[PDB]
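Q: After the structure tokens below, expect a handful of questions from me.
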Amino acid sequence: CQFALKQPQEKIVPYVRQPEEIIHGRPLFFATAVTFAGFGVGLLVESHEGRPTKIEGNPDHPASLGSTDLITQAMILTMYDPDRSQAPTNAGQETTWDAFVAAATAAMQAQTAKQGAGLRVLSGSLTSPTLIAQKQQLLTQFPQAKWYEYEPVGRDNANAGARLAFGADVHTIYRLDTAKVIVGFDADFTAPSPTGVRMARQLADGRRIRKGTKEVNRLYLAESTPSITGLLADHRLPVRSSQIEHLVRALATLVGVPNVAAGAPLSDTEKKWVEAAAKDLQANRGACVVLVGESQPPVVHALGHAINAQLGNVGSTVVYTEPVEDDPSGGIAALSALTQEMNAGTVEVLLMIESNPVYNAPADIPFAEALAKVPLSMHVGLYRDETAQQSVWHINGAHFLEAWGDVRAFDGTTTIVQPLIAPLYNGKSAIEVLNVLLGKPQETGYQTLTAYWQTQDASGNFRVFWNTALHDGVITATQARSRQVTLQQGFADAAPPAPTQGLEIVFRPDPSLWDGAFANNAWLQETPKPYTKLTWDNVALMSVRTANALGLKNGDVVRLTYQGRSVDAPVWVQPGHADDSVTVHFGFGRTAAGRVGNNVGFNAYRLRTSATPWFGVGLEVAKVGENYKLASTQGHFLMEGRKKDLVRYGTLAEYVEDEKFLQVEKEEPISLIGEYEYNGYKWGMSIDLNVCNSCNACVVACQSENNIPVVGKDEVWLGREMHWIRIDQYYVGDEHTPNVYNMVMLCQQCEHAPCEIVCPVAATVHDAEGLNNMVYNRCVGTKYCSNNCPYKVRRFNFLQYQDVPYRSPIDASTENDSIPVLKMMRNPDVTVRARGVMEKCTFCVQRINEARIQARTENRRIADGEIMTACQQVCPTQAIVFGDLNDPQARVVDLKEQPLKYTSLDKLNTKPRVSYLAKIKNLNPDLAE
Amino acid sequence: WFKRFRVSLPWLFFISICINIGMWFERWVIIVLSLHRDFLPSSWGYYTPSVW
Ligand code: HEC
Ligand code: SF4
Ligand code: SF4
Ligand code: SF4
Ligand code: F3S
């Protein structure tokens with residue numbers, strides 16, 4: 001309880017030399033990009049003065065068409081993490097940066113005496129052309145130096161399948177805008193992948209269902225575990241993850257592949273799925289695609305290129321370009337070829353660009369014991385990772401908002417990573433650390449970036465070319481050239497072995513925490529996982545029929561014993577799952593993540609075996625626990641007959657006969673309160689629930705925009721998560737093969753808002769614009785608004801929820817004292833809320849007002865695209881559409897007169913401003929029985 | 001209804017002590033059981049009270 005008669009003397013400081021570009025109070029968006037796996041996502045990040053506070057999508061970029069992922073959006077709390085490495089560290093104790101360049105250059109003259117032998121580098125799968133040119137300068141200065149590229153969710157099997165079918169390595173850019181059916185095969189392509197935002201928009205562009213739409217996408221999936229593409233899949237099949245090599249061998253023989261050598265037969269529901277998915281592939285040959293993700297072996301990846309070359313997709317929707325990444329034939333096998341080189345000496349310098357392989361290595365690859373045999377182990381990462389303690393040297397990371405850099409996206413388009421801010425802690429990025437190893441330690445990150453692009457610009461007037469590349473983000477004088485391929489024959493001749501009986505393990509990246517590189521990010525942790533709405537826990541995902549054979553409920557801790565290792569995993573049962581196919585997720589069990597990701601789940605990387613790195617069948621469950629915490633944030637995953645109010649679901653077979661078949665043509669409701677007249681800037685929202693894949697990028701972008709506090713695991717289990725927007729799975733149907741439906745439930749901004757009439761101090765009123773104003777400074781904390789809110793989209797600050805993964809919220813010793821580096825990530829237009837006030841989705845009223853007030857100074861009206869909320873500017877599928885309702889030529893006034901426009905809880909006369917477009921899941925005639 | 005359990009104070013005390021515990025439970029059923037499960041299934045809570 002802070003208390004004073006006056007607020008203290010607030011100092012206002014100007015600059016000392018104010019730069020020309022900065023106007024105090026204006027957002028000043030900068031066009032950068034983020035190296036996610038090795039590829040760029042393409043960003044438009046908002047730097048108010050120097051500090052970037054909100055990552056948005058670069059609409060010029062090919063990967064993100066103006067909308068980012070869940071992980072890509074929450075790179076701001078990773079930037080302003082107080083657990084970031086604030087100083088370099090030599091053998092445990094802190095040090096300077098120039099002590100490193102006196103120790104590294106003293107070890108670089110000892111390597112030139114040899115042929116640069118012990119100079120192994122362990123970067124992760126980089127595509128950026130400046131670090132490729134610095135590597136190719138490093139590997140021509142030191143001849144016998146090796147560059148190994150380890151990535152745990154790398155495209156190892158995806159490139160080994162491109163070698164096994166085409167000869168050389170080829171990059172495969174799929175194109176779903178000309179695609180009628182998308183027969184995936186263990187391919188979560190709408191996930192946080194290097195192309196996950198474009199493959200989600202192109203998949204959702206095909207199924208924008210309007211007044212005159214008769215043909216949409218189909219999306220046969222056959223997924224191991226329920227993955228977020230399965231929300232958009234209309235024929236998702238729970239396959240055991242070991243039969244997907246045999247579903248493709250049953251589908252490559254229905255289409256024309258001569259040497260498929262099919263084996264290991266199918267079940268009666270996997271065979272009638274594959275005789276109908278391939279029947280819809282033999283038709284519409286020009287617009288169809290067979291997808292396969294890196295969970296699969298390299299043979300089926302080669303068969304996925306065999307089917308796509310049989311159906312004539314090459315040149316139409318599956319283009320083949322030169323490989324954008326530098327070393328495509330190096331993955332887990334490149335990490336295993338390094339530790340067998342790291343053993344018994346014969347390595348002297350080991351640079352480790354941000355990989356964290358002490359934590360990420362498979363159990364068959366002894367990277368822990370092979371490390372500390374290197375006399376000089378250097379590590380470059382923005383966290384003191386699991387490796388940085390076990391490394392001799394350690395450098396800061398220079399997170400991409402702090403560092404001058406490049407990155408190449410898929411399609412080959414290079415985008416320059418400008419620093420929006422100077423390095424808070426002197427970061428010294430990967431382009432600046434190789435400058436020390438090459439011999440140019442005083443050369444900055446900008447001096448070696450323009451030194452490369454001056455030589456890769458064959459046009460004159462480089463300053464026009466360079467300033468345009470920083471402005472637009474993209475370059476597009478550098479796209480990957482389309483490669484003519486062969487599709488060699490005789491690659492799947494060897495018959496597969498017997499399908500081994502036994503309970504299967506399935507390795508996955510968590511959609512929140514991909515490979516544990518961002519496990520210290522608080523926004524990604526408390527963001528609910530897509531199907532199983534959990535926050536701070538790795539789980540073992542079982543089917544309802546698998547757990548019934550083993551006899552374990554939704555909270556027991558089991559000791560998953562793989563080939564030699566046990567992991568002591570909790571259990572979350574899951575209806576969409578495959579039989580005997582227990583799924584564990586990466587990204588957890590970090591022992592040196594920081595204060596957010598330390599000991600949150602079980603480390604699934606201790607079960608990888610580097611020969612079965614994604615799935616294996618030798619698992620023993622052996623329950624050893626009971627009643628784990630498992631802080632979930634949904635309460636009931638089962639639509640309880642509340643259809644017509646949550647997710648109205650239909651098929652396209654019944655929509656082509658009746659347009660408004662999910663609407664209820666009912667009489668106008670009677671209200672005794674009358675109504676009000678909204679005549680200027682009527683704000684409404686249309687959420688297309690048919691295209692929402694539950695990517696949770698809108699949950700974490702409301703968090704980054706509206707200063708929403710993270711809440712720890714102990715207070716999520718009490719149902720006190722602060723999330724203004726939530727996605728609701730609902731699991732309609734059979735408990736073994738259900739349909740999972742998303743309802744993006746935010747504050748519906750009800751016109752006859754029942755949450756407002758129950759506010760004693762009137763801390764919740766309306767605009768004349770029409771949206772619901774939750775004023776935080778007036779809230780005395782009587783949680784009656786939350787009780788009368790029928791959707792329960794009100795979210796109360798219970799404790800002082802502020803910097804909660806860095807100080808536990810059950811104290812008042814640091815209640816009114818805040819972390820100084822976390823204050824820069826906050827939006828300066830949203831109230832950072834106190835201990836006892838309630839929150840609510842305010843339609844991003846700080847984005848409404850900042851363009852309503854700006855349109856009043858220049859005497860005009862707001863257009864449609866001038867106001868774009870944070871959940872709308874992030875949705876890769878563009879499910880959310882915000883806009884004026886009194887503007888007749890608007891985009892939301894079209895989407896709210898569609899025959900699928902329904903409002904949630906119209907049984908109550910709340911009259912919401914948020915209407916939902918209903919879900920239509922395009923069932924085949926040969927499979928709907 | 002019966003005077004047997006009204007004039008007898010060891011019986012009127014047990015009846016009245018079952019109303020103070022019971023009418024607490026009426027106001028628990030009214031408040032919690034209407035709040036902890038409501039319109040939307042994705043907002044179903046439990047409210048096990050803490051020591052405070
Ligand atoms: C000292 C606290 C104070 C605050 C905070 C304040 N005003 Fe205003 N304010 C106006 C006028 C006139 C407008 C323009 C109304 C419009 O354009 O719709 C306005 C508009 C605004 C707007 C912009 C509304 C929009 O549509 O963006 C804001 C914000 C605002 N006032 C805040 C006269 C005043 C005056 C009269 C001398 C006073 C004092 C005044 N305002 C004091 C204050
Ligand atoms: S939807 Fe809920 S929070 Fe929003 S105005 Fe209506 S009652 Fe209030
Ligand atoms: S529109 Fe509302 S719910 Fe959506 S991101 Fe903005 S504040 Fe959150
Ligand atoms: S509304 Fe958009 S951002 Fe949110 S879950 Fe759906 S697709 Fe993802
Ligand atoms: S009713 Fe009123 S004062 Fe605060 S929490 Fe609810 S708003």
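By convention here, the chains of the structure tokens are called A, B, ... in the order presented, each chain's residues are numbered starting at 1, and ligands are numbered starting at 1 in the order presented.
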Using only C-alpha atoms and all ligand atoms, which residues of the polymer chains come no farther than 10 Å from ligand 5? I'd like the answer as a count of residues only.
A: 35
Q: Output the contact residues of chain B with respect to chain A at a cut-off of 8 Å, based on only C-alpha atoms, as number ranges by chain.
A: B: 35, 38-45, 47
Q: If we count only C-alpha atoms and set the cut-off at 8 Å, which residues sit around residue A:696, ignoring sequence neighbours fewer than 5 positions away in its own chain? Please answer as a PDB file with N, CA and C atoms, in the first residue's frame.
A:
```pdb
ATOM      1  N   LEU A  70       3.217 -16.732 -32.380  1.00  0.00           N
ATOM      2  CA  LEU A  70       3.169 -16.623 -30.929  1.00  0.00           C
ATOM      3  C   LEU A  70       4.547 -16.327 -30.361  1.00  0.00           C
ATOM      4  N   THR A 527       1.213 -18.156 -21.665  1.00  0.00           N
ATOM      5  CA  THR A 527       0.315 -18.341 -22.794  1.00  0.00           C
ATOM      6  C   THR A 527      -0.111 -19.802 -22.855  1.00  0.00           C
ATOM      7  N   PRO A 528      -1.415 -20.085 -22.869  1.00  0.00           N
ATOM      8  CA  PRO A 528      -1.884 -21.472 -22.832  1.00  0.00           C
ATOM      9  C   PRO A 528      -1.471 -22.249 -24.070  1.00  0.00           C
ATOM     10  N   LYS A 529      -1.105 -23.515 -23.863  1.00  0.00           N
ATOM     11  CA  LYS A 529      -0.775 -24.382 -24.980  1.00  0.00           C
ATOM     12  C   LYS A 529      -2.043 -24.644 -25.790  1.00  0.00           C
ATOM     13  N   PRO A 530      -1.916 -24.881 -27.111  1.00  0.00           N
ATOM     14  CA  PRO A 530      -3.092 -24.878 -27.994  1.00  0.00           C
ATOM     15  C   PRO A 530      -4.218 -25.858 -27.698  1.00  0.00           C
ATOM     16  N   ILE A 727      -8.587 -18.320 -26.241  1.00  0.00           N
ATOM     17  CA  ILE A 727      -9.056 -19.257 -27.253  1.00  0.00           C
ATOM     18  C   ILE A 727      -9.553 -20.488 -26.515  1.00  0.00           C
TER      19      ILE A 727
END
```
Q: For each of A:705, A:169, A:887, A:926, take the minimum atom-to-atom distance to residue A:842, counting only C-alpha atoms, then give the residue where this is smallest.
A: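 Distance minimum relative to residue A:842 lands on A:705.
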Q: Write out as a Markdown table the residues of chain A that have any atom within 6 Å of an atom of ligand 1, one row each with the nearest atom pair and its distance in Å to one decimal, counting only C-alpha atoms and all ligand atoms, sorted by chain and then rising number.
A:
```
| residue | atom | partner | partner_atom_place_in_ligand_line | distance |
| --- | --- | --- | --- | --- |
| A:849 | CA | ligand 1 | 27 (O) | 5.4 |
| A:852 | CA | ligand 1 | 27 (O) | 5.5 |
| A:853 | CA | ligand 1 | 27 (O) | 3.2 |
| A:856 | CA | ligand 1 | 17 (O) | 5.6 |
```
Q: Each residue of chain A with at least one atom at most 9 Å from ligand 3 should appear once, together with its nearest atom pair and the corresponding distance in Å (one decimal); atoms considered: only C-alpha atoms and all ligand atoms; ordering: chain, then increasing residue number; output as a tab-separated table.
A:
```
residue	atom	partner	partner_atom_place_in_ligand_line	distance
A:685	CA	ligand 3	1 (S)	8.4
A:698	CA	ligand 3	5 (S)	6.0
A:699	CA	ligand 3	5 (S)	6.9
A:700	CA	ligand 3	5 (S)	8.2
A:701	CA	ligand 3	5 (S)	6.0
A:702	CA	ligand 3	5 (S)	3.7
A:703	CA	ligand 3	8 (Fe)	7.2
A:704	CA	ligand 3	5 (S)	8.9
A:705	CA	ligand 3	5 (S)	7.2
A:706	CA	ligand 3	7 (S)	6.2
A:723	CA	ligand 3	8 (Fe)	8.0
A:724	CA	ligand 3	3 (S)	5.2
A:725	CA	ligand 3	3 (S)	4.5
A:726	CA	ligand 3	3 (S)	8.2
A:745	CA	ligand 3	3 (S)	8.4
A:746	CA	ligand 3	3 (S)	5.2
A:747	CA	ligand 3	3 (S)	6.6
A:748	CA	ligand 3	3 (S)	9.0
A:840	CA	ligand 3	7 (S)	7.7
A:841	CA	ligand 3	2 (Fe)	4.0
A:842	CA	ligand 3	2 (Fe)	4.9
A:843	CA	ligand 3	1 (S)	3.7
A:844	CA	ligand 3	6 (Fe)	4.1
A:845	CA	ligand 3	7 (S)	7.4
A:846	CA	ligand 3	7 (S)	8.8
A:847	CA	ligand 3	6 (Fe)	8.4
A:868	CA	ligand 3	1 (S)	8.5
A:869	CA	ligand 3	1 (S)	5.0
A:870	CA	ligand 3	5 (S)	4.4
A:871	CA	ligand 3	5 (S)	3.7
A:872	CA	ligand 3	4 (Fe)	6.8
A:873	CA	ligand 3	5 (S)	8.6
A:874	CA	ligand 3	5 (S)	8.6
A:880	CA	ligand 3	4 (Fe)	8.3
A:882	CA	ligand 3	1 (S)	7.8
```
Q: With only C-alpha atoms as the counted atoms, please give the residues lying no more than 9 Å from stretch 136-152 of chain A, apart from itself and same-chain residues fewer than 3 positions off, as a ChimeraX atom specification.
A: /A:37,111-112,114-126,131-133,155-156,327-328,330-335,337-338,355,357,360-362,434,437-438,515,613
Q: Residues at most 6 Å from ligand 4, using only C-alpha atoms and all ligand atoms? Could they come as a PyMOL selection string?
A: chain A and resi 692-698+874-880
Q: What does the distance between atom CA of residue B:26 and atom CA of residue B:49 come to in Å, to one decimal place?
A: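 So the two atoms, atom CA of residue B:26 and atom CA of residue B:49, lie 16.7 Å apart.
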Q: Where in stretch 288-528 of chain A does DSSP assign strand (DSSP E), given as JSON, numbers by chain?
A: {"A": [288, 289, 290, 291, 292, 318, 319, 320, 321, 349, 350, 351, 352, 376, 377, 378, 379, 393, 394, 405, 406, 407, 408, 414, 415, 416, 417, 503, 504, 505, 506, 507, 508]}
